[PDB]
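Ideal geometry is used to build each Cβ from the backbone, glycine not excepted, and the neighbour counts take in all protein chains shown. Coordinate-derived values only; no laboratory data.
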Amino acid sequence: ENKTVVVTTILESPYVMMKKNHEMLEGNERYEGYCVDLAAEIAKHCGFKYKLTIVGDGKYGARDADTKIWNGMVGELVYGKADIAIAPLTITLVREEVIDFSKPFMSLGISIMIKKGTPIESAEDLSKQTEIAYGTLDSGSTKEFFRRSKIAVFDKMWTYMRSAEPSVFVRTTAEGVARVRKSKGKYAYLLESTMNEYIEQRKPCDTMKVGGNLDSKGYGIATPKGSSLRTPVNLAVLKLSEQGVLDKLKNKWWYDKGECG
Ligand SMILES: N[C@@H](CCC(=O)O)C(=O)O
Ligand SMILES: [Zn+2]
């Protein structure tokens, strides 16, 4: 109701993407995606004006164990470069310790992406074998999941992953997909089911989600501690949930324009 709200987001399909013609557009009109639509609904239910900005270091948010600094969208909120994050940003404990999250707007889990035909059905399968390399996004909740897991199978996978040479990790999702596509069934990618399910409906239609999800978690809208936005945004997400907006949006951006029939 007083100041333009600065929004940190990340270029990640289908959440935030450059519009074909963006170079001829100004401001928020540059971008399109599920999070852009969601930003707009949240902004009008809460009554604020906003500026979309893409995170500077193109990352999600992790705390460096020696430096102690938060990078990613999280750091932008921690250090006060942004007022709010509207992104496929996973609700985790170490983040919820330093920022607040709204209730989840998307439910998801860690899943496996394979090039179609790869003889893999599950995480147990991957752990039990050696021909097919597999990794995660370099920085993010998927990598931490494996880092911290006490469960045999995921420990076994982490043990392999962190020592694998050359690196099984990737700077971006799109980097992970491309490596799956290019690697003849010899790389499998570990990513949240949402992104898996999106790519699966994307040409050349050569990838696929196998098996069950490895976990159950959420993406949440993040705000810095003490923000006057915390409560109105949490309420808006619930309103958008209850009225079916979040299902319309997921359908719009995953399935309405799916290329694999
Ligand atoms: N959504 C994740 C990033 C993607 C991933 O880690 O697989 C996060 O907030 O860290
Ligand atoms: Zn509305």
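Between the Cα long axis of helix 152-163 and the first principal axis of the chain there is an angle of about 90°, rounded to the nearest 10. For the chain, the share of DSSP beta bridges that are antiparallel, to the nearest 5, is 65%. With 32 Å as the limit on Cα-Cα distance, the pairs of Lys115/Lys217; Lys116/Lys248; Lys217/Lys248; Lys116/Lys239; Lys20/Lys59 that go past it are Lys116/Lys239.
Dividing the mean sequence gap of close Cα pairs (under 8 Å, 6+ apart) by how many residues segment 83-199 holds gives a relative contact order of 39 percent. Computing FRET efficiency as 1/(1 + (r/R0)^6) for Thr53 and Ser163, where r is the C-beta to C-beta distance and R0 is 45 Å, gives about 0.75. Only beta bridges with both residues in segment 109-217 are counted; by DSSP, about 65 percent of them are antiparallel. Toward the positive end of the charge dipole of the chain, with +1 on the Cβ of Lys and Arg and -1 on the Cβ of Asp and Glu, the farthest Cα among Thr172, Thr142, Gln243 is that of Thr172. Note on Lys257 and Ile69: their simple-model spin labels are 3.6 nm apart, each label 7 Å out from Cα toward Cβ.
Using alpha-carbon pairs under 8 Å, 6+ residues apart, how would you state the relative contact order of the chain in percent?
Value for the chain: 26 percent.
Charge dipole of segment 109-217 (Cα centre as origin; +1 on each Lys and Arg Cβ, -1 on each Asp and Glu Cβ, all else neutral): 260 debye, rounded to the nearest 20. Taking Cβ separations below 4.7 Å as the criterion for a possible disulfide partner, the isolated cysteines in the chain are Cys35, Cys46.
The relative contact order of segment 167-254, computed from alpha carbon pairs under 8 Å that lie at least 6 residues apart in sequence, is 17 percent.
DSSP loop (so not H, G, I, E, B), at most 15 other Cβ within 10 Å: list which trypsin sites (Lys or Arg not before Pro) in segment 95-133 pass both filters.
Taking segment 95-133 and a limit of 15 other Cβ atoms within 10 Å, the loop trypsin sites (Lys or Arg not before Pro) found are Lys116, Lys128.
Peptides 20-26, 206-212, ordered by how many other C-beta atoms sit within 10 Å of their residues on average, highest first, read 206-212, 20-26.
Ordered from longest to shortest, the equivalent ellipsoid semi-axes for segment 109-217 are 19, 15, 14 Å, each the square root of 5 times a Cα gyration tensor eigenvalue.
For the chain, the residue among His45, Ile114, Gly211 whose Cα projects farthest onto the positive side of the dipole built from Cβ charges is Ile114. Given +1 at the Cβ of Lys and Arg, -1 at the Cβ of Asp and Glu and no other charges, the dipole of the chain around its Cα centre is 220 debye to the nearest 20.
Let me make sure I get this right: for the chain, a, b and c are the square roots of the gyration tensor eigenvalues over alpha carbons, sorted descending. Under 1.5 in a/c it's rounded, otherwise prolate if a/b > b/c, else oblate. Which is it?
In terms of gyration-tensor shape, prolate.
Compute the angle between helix 173-182 and the longest alpha-carbon principal axis of the chain, please, reported from 0 to 90 degrees and rounded to the nearest 10. Between helix and principal axis, roughly 30 degrees. In degrees from 0 to 90, rounded to the nearest 10, what is the angle of the helix 34-46 Cα long axis to the longest principal axis of the chain? Relative to the chain, helix 34-46 is tipped by roughly 30 degrees.
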